[PDB]
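Reviewing the structure listed below.
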Amino acid sequence: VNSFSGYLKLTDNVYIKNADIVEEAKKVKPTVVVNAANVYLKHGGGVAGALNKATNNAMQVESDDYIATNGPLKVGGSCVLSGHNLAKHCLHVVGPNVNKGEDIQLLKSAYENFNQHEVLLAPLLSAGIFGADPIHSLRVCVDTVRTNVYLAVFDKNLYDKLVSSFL
Ligand SMILES: Fc1cccc(CSc2ncnc3[nH]cnc23)c1
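Right, dumping it as structure tokens:
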């Protein structure tokens with residue numbers, strides 16, 4: 003039993019809700035919140051810009067030190083950093099950005115990072131400003147993640163389409 007509330011159950015392990023991931027994180031304080039990161043951990047917009055803003059830029063400060071030490075992530079890769087005031091940990095996951103020409107096949111590799119964590123609050127990877135089809139992202143999530151994932155979908159219209167079209 004966990005503290006996530008109001009989710010529709012899609013499969014044994016995947017759940018979905020129309021919610022703002024920032025407000026959802028502030029309420030649940032999950033062990034892991036997933037960020038829709040880029041390889042430079044530059045949290046300018048989309049989910050990343052919103053999560054970072056909610057931390058009063060502390061996420062960005064921590065991220066800049068991480069990059070200065072370790073260099074950029076790989077597309078499809080991840081790193082674990084602090085969750086600041088939102089969660090215990092933030093798993094920064096880089097899905098392919100279609101608006102940069104990146105291989106959509108890397109979306110499965112990106113979701114594989116979720117399997118290192120028993121429970122996560124997450125957005126749909128590569129959706130939104132990353133340019134991929136969210137219906138496809140949900141399919142890859144369900145077919146790749148085996149741990150318990152609670153997906154927050156900000157746009158109510160998109161949420162209804164994802165549910166109604168789910169196989
Ligand atoms: F549109 C809104 C309305 C309320 C709050 C936010 C910030 S969080 C966010 N931003 C972008 N994509 C997302 N997918 C899941 N959560 C998010 C955005």
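Going by the entry's author numbering, the sequence shown opens with residue 3, and the numbers climb by one from there.
No residue lacks a Cβ here, since even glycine has one placed at the ideal position from N, Cα and C.
Nearest residue (CA-CA) to residue i, options the options
i, options, result
"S7", "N159, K163, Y152, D162", "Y152"
"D14", "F156, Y161, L160, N150", "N150"
"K110", "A52, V96, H45", "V96"
"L169", "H138, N159, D157, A39", "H138"
"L75", "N59, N58, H94, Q118", "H94"
"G73", "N99, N40, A56, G51", "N40"
"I23", "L43, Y42, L10, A50", "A50"
"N101", "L122, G130, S80", "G130"
"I18", "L160, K158, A154, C143", "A154"
"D66", "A89, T146, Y42", "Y42"
Where residue i falls, given that 16 or more other Cβ within 10 Å makes a residue buried
i, result
"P136", "buried"
"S167", "exposed"
"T71", "exposed"
"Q62", "buried"
"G47", "exposed"
"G103", "exposed"
"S128", "buried"
"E120", "exposed"
"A60", "exposed"
"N4", "exposed"
Residue interval of the beta strand (DSSP E) (run including residue i)
i, result
"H91", "91-95"
"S128", "Premise fails: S128 is in no beta strand (DSSP E) and is neither H nor E."
"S139", "Taken as a continuous stretch (DSSP letters only), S139 belongs to no beta strand (DSSP E), being part of the alpha helix (DSSP H) at 136-146."
Unbroken alpha helix (DSSP H) run spanning residue i, endpoints
i, result
"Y68", "60-72"
"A124", "It is not in any alpha helix (DSSP H) - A124 instead sits in the beta strand (DSSP E) that spans 121-124."
"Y42", "No alpha helix (DSSP H) holds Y42; DSSP gives it neither H nor E."
Cβ-Cβ separation, residue j to residue i (assumed contact under 8 Å), whole Å
i, j, result
"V36", "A134", "Incorrect: roughly 15 Å between the Cβ atoms, too far for contact."
"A38", "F132", "7 Å"
"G85", "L108", "No, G85 and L108 are not in contact; Cβ-Cβ is about 25 Å, not under 8 Å."
"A89", "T33", "7 Å"
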